[PDB]
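Chemist: before the rest arrives, take these chain(s) from the complex:
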Amino acid sequence: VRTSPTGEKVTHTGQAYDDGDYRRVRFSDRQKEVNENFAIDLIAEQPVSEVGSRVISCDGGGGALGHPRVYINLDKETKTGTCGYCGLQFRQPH
């Protein structure tokens, strides 16, 4: 969560009010509600799982409590397979 030149806290979307913008007045004696937790950083932090099969399935964890089950091809050595929903990454060993 970086801070913009005006002193506002830039959101995860990247939204920050420019010095020219008059809409910054809305926070004059109030606060701008920004979620400190950023999805991109946390998803990056997760370790990459290494699986020995060409295709693996991600349900998001918790079965029916997660996301629709999808099968990911891991043939490409260069790039890890990434779940469309979960965002977790997998790659074949070696």
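Modeler: Now that the structure is in, tell me what you want to look at. Numbering: from 1, shown residues only, chains lettered A, B, ... in the order given.
Chemist: going forward, measure contacts between C-alpha atoms and count neighbours the same way
Modeler: OK.
Chemist: where's the residue sitting furthest away from the middle of chain A relative to residue A:6, distance?
Modeler: Relative to the mean C-alpha coordinate of chain A, counting by C-alpha atoms, centre = their mean, the farthest residue is residue A:29 (31.4 Å). Using C-alpha to C-alpha, to the nearest Å, one gets 15 Å for the distance from residue A:29 to residue A:6.
Chemist: Over to residue A:81?
Modeler: With distances defined as C-alpha to C-alpha, the gap from residue A:81 to residue A:6 amounts to 39 Å.
Chemist: Next: residue A:64.
Modeler: 45 Å.
Chemist: ok, now residue A:35?
Modeler: The span separating residue A:35 from residue A:6 equals 18 Å under the rule C-alpha to C-alpha.
Chemist: just residue A:43 next, same as before
Modeler: Using C-alpha to C-alpha, one obtains 29 Å as the distance from residue A:43 to residue A:6.
Chemist: Repeat that for residue A:36.
Modeler: With distances taken as C-alpha to C-alpha, residue A:36 is found 18 Å from residue A:6.
Chemist: okay, which residue is most central for chain A?
Modeler: Nearest to the mean C-alpha position of chain A, by C-alpha atoms, centre = their mean, lies residue A:40 at 2.9 Å.
Chemist: and chain B, same structure:
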Amino acid sequence: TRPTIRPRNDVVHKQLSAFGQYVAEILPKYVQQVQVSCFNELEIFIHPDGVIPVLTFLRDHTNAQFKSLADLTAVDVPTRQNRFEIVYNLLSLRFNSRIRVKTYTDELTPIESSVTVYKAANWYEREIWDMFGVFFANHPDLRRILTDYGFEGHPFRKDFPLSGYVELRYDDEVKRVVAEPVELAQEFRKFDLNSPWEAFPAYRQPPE
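Modeler: Okay, here's chain B dropped in alongside the others:
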């Protein structure tokens, strides 16, 4: 067997068809078409002139005693020249059956009031006049119900926008609630949901 599908009762279908033919024969002057839906509902289509005569026939026992006007309403189909389809729903408690009589009108053509026959059509016809633009002649008191006292347009007309043309707010300058042109802060998002593929082949209209 076939648990999902609705059970069909042919007996009621035959009875309703027979009674529809009965009505068509007794009043050929006004009835144009009678059809029985496959959910066992009977509709008699009448010329606009026949509302009072056909309804009076239905109420009085020519083997039919529909003495309760379930509801009266109109359906605005702009395509048709007579854009308004007046619909009467009647209930016969003696024979525990319900039939529907439908007629058509234009914006400029009056239709006779049925307050004489049923007496529950006063408010229904007033609502039809207020929302749709139909005028019922010889009505005891035709005025607006369900719309604002100064409302100008006729809603429910398929031309009227859902949000209308005017909006109300309180103005300190005039110390009064004042109407103004509608200005939505979030325009109603029109969703095009119809699928490009036909769903029911049974109702496929002829290519023409």
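Chemist: Give me the neighbour count for the nearest residue to residue B:92 once chain neighbours are set aside.
Modeler: Closest residue to residue B:92 apart from its sequence neighbours, by C-alpha to C-alpha, 6 or more residues apart in numbering or on different chains: residue B:66 at 3.8 Å. The criterion is other C-alpha atoms under 10 Å in any protein chain shown. On that basis, residue B:66 has 26 neighbouring residues.
Chemist: and if you look at the one 5 residues further on?
Modeler: Neighbourhood size, residue B:71 [other C-alpha under 10 Å]: 14.
Chemist: Endpoint to endpoint, stretch A:32-40 covers what distance?
Modeler: 21 Å.
Chemist: how far is that stretch from where the chain is centred?
Modeler: Offset of stretch A:32-40 from its chain centre (C-alpha atoms, centre = their mean, to the nearest Å): 11 Å.
Chemist: The residue nearest to the centre of chain A in helix, strand or coil?
Modeler: For residue A:40, the reduced secondary structure class is helix; criterion used: DSSP: H, G, I helix; E, B strand; the rest coil.
Chemist: which residues touch residue 43?
Modeler: Answering for chain A, as no chain was given. When the contact criterion is C-alpha atoms under 8 Å, 6 or more residues apart in numbering or on different chains, the partners of residue A:43 are A:87, A:88.
Chemist: you looked at the wrong chain, it should be chain B
Modeler: For residue B:43, the contact set (C-alpha under 8 Å, 6+ apart) comprises B:20, B:34, B:35, B:36, B:37, B:99, B:100, B:101, B:102.
Chemist: with the structure above as the base, add chain C:
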Amino acid sequence: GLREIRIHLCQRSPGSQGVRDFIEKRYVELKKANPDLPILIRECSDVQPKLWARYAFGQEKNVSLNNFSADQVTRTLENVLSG
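Modeler: Below is chain C, added to the chains above:
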């Protein structure tokens, strides 16, 4: 001073037959005589043939050419040129 002349004719209408004849026969000579004068030939549908003469500063006048023989159209165009 003429700045441009517009001739509007219907392709198949009987009224535009004379204008079509003038175009087929006399237009090349007209363009030769007036090399730099813009004579724009355009097609009009289900309306009477007309001649538009844009003069200096944008003043324009239109003369109906409906059911005019080629000679009549030539006379009208020459009169416009002469002014």
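Chemist: What about the contacts of residue B:43 again, now that chain C is present?
Modeler: In this structure, residue B:43 makes contact with B:20, B:34, B:35, B:36, B:37, B:99, B:100, B:101, B:102, judged by C-alpha under 8 Å, 6+ apart.
Chemist: What of residue B:84?
Modeler: Going by C-alpha under 8 Å, 6+ apart, residue B:84 touches B:74, B:75, B:76, B:77, B:78, B:104, B:105, B:106, B:107, B:132, B:134.
Chemist: Serialize those residues to TSV and add fields for neighbour count, distance to residue C:71 and secondary structure.
Modeler: What follows is these, written out as TSV (neighbours: other C-alpha atoms under 10 Å in any protein chain shown; distance: C-alpha to C-alpha, whole Å; DSSP: H, G, I helix; E, B strand; the rest coil):
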residue	neighbour count	distance to residue C:71	secondary structure
B:74	26	67	strand
B:75	16	65	strand
B:76	20	61	strand
B:77	13	59	coil
B:78	12	55	coil
B:104	22	62	strand
B:105	22	61	strand
B:106	17	58	coil
B:107	13	58	coil
B:132	22	64	coil
B:134	24	63	coil
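Chemist: can you put these in JSON lines and add distance to residue B:181?
Modeler: As requested, the contacts of residue B:84 are arranged in JSON lines below (distance: C-alpha to C-alpha, whole Å):
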{"residue": "B:74", "distance to residue B:181": "28"}
{"residue": "B:75", "distance to residue B:181": "28"}
{"residue": "B:76", "distance to residue B:181": "25"}
{"residue": "B:77", "distance to residue B:181": "27"}
{"residue": "B:78", "distance to residue B:181": "26"}
{"residue": "B:104", "distance to residue B:181": "33"}
{"residue": "B:105", "distance to residue B:181": "31"}
{"residue": "B:106", "distance to residue B:181": "29"}
{"residue": "B:107", "distance to residue B:181": "26"}
{"residue": "B:132", "distance to residue B:181": "22"}
{"residue": "B:134", "distance to residue B:181": "26"}
